[PDB]
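S.K.: pasting the sequence and an experimental structure:
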Amino acid sequence: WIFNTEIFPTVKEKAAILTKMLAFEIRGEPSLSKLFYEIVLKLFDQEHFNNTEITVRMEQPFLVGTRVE
């Protein structure tokens, strides 16, 4: 979903569906959370001075991602 451009009309729906994936470490699933923080890290990889993300990826899962043991 995230890593391509299409007629999906806004990126806030991608943001709201990806921000829900912070329950993987709360419920106790390490592998799904590892994949999720890998794709958040890849979203921050292909950006130097860019907004290929939306700015809520810099807000919640980046900051929780600096804590993930």
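M.R.: Alright, I've got the coordinates. Numbering: from 1, shown residues only.
S.K.: and the residue nearest to the spatial centre of the chain, how far is that from residue 18?
M.R.: Central residue of the chain (CA atoms, centre = their mean): residue 40, 3.8 Å from the mean position. For residue 40, the distance to residue 18 equals 7 Å [CB to CB, to the nearest Å]. For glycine as for every other residue, the C-beta is placed from the backbone atoms N, C-alpha and C.
S.K.: anything in contact with each of those two?
M.R.: 57, 61 (CB atoms under 8 Å, 6 or more residues apart in numbering).
S.K.: okay, and the residue nearest to the centre of the chain sits in which element?
M.R.: In this assignment (DSSP states H and E), residue 40 forms part of helix 30-43.
S.K.: remind me what that helix packs against, helices and strands.
M.R.: Under the contact definition 3 or more CB pairs under 8 Å, 6 or more residues apart in numbering; DSSP states H and E, helix 30-43 sits against helix 24-27, helix 60-65.
S.K.: what number of residues are in the vicinity of the residue nearest to the residue nearest to the centre of the chain when sequence neighbours are not counted?
M.R.: Nearest residue to residue 40, sequence neighbours excluded (CB to CB, 6 or more residues apart in numbering): residue 61, at 5.1 Å. For residue 61, the neighbour count with other CB atoms under 10 Å is 23.
S.K.: got it, and residue 54?
M.R.: 16.
S.K.: looking at it, it is touching residue 11, isn't it?
M.R.: Yes. With contacts counted by CB atoms under 8 Å, residue 54 reaches residue 11, the gap being 4.7 Å.
S.K.: shared neighbours, the two?
M.R.: With CB under 8 Å, 6+ apart as the test, residue 54 and residue 11 reach no residue in common.
S.K.: would you mind listing the buried residues in the helix holding residue 40?
M.R.: Residues of helix 30-43 classed as buried by neighbour count (16 or more other CB atoms under 10 Å): 33, 36-37, 40, 43.
S.K.: and of those, the nearest to residue 6?
M.R.: residue 43 (16.2 Å; CB to CB).
S.K.: does the closest one touch residue 50 like I think?
M.R.: No. Applying CB under 8 Å as the test, residue 43 and residue 50 come out as separate, 10.6 Å apart.
S.K.: give the residue farthest from the middle of this protein.
M.R.: Centroid-distance maximum for the chain: residue 7 at 20.1 Å, with CA atoms, centre = their mean.
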